[PDB]
């Protein structure tokens, strides 16, 4: 009756995550001045380079040099010895206006509530009662391991740490009438960029004692748990120098860690009219509302859109057998309680607010009581 499931997370300095954070720093900078900015900002990172490419139509005056460099500073890349330095790297900009053909078909001369979806696409939300925050334990633990690394880097207790990290957690679960129950941690991987001086044994001991034991409850760890700590043996070169980064290349880290499903679209760098983001946030909100409302223990929600059309083309509910109500009944409850037009989601979830950089590391869900994490009280 038991099975394994694995999820990963990455740190703030993983090169793809750098790009997500920069893209959302750009979005936030625009929204601070123009709440209706149309933003589709992709970021690419390689040795010494941040490139911004995409489409922005906005009344804001944004200093891209400053915004990019401040984001990199916050992440911690502040010296050539670390492989990347916000003070001295190249920032290149290839940004144009939003296509007028898109604008006319999506939002021009439309009532805000009746704005069209900014694109076609499909999106999923997911929730599971296995944690209070309604997220899979595998990814929660993986994120917290990366957060702990950043904490110990920033507080100076492990000064050999650098910002680029990856973690991976395999949990053994039991099945429980469609719900899942975590039993134990089967395997943990941690890889983190480090300075030239620290030895492998010092790092592996610190990762076990000061990172894993600080994060993972002892009840989940036992004599059989497998640890792969600095498994490559050496990780001095890191950040964009070690591996090119791009926005939207961590979409499973950003969401459910392999659980649930994904429609494919990236979140970062996009304003609310891009339903890839807003409708995925709304679908999470629906899923979490169903679980916290006691209607089911685990649920997957699909929605889809066509460019220029406000109402979703399809809505689907999959409850894994964890409700007394049928999926059809849950779908009817959802349709009676939620309006998933993007021009309504923006109001319900306050999606013109410049909080997006905060979403761009450690997952978009299960944290911080963002609006999509506050369940809606359902009438049925």
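Numbering follows the first chain given and starts at 1.
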277-285 versus 167-175: which one carries the higher mean Cα B factor per the record? 167-175
Take the C-alpha B-factors listed in the entry for 251-259 and for 151-159, compute each mean, and give the stretch with the larger one. 151-159
Highest Cα B-factor in the PDB entry belongs to which of 49, 331, 40, 313? 331
From the list 190, 221, 309, 237, select the residue with the highest C-alpha B factor recorded in the entry. 221
Position of residue 60 among the chain's modelled residues by C-alpha B-factor, lowest, middle or highest third: highest
Would you check the entry's CA temperature factor for residue 303 and let me know if it's in the chain's lowest, middle or highest third? lowest
Splitting the chain's C-alpha B-factors into thirds, which one does residue 138 fall into? lowest
Per the entry's values, where does residue 16 land by CA temperature factor relative to the rest of its chain, in the lowest, middle or highest third? lowest
Sorting the chain's CA B-factors, does residue 90 end up in the lowest, middle or highest third? lowest
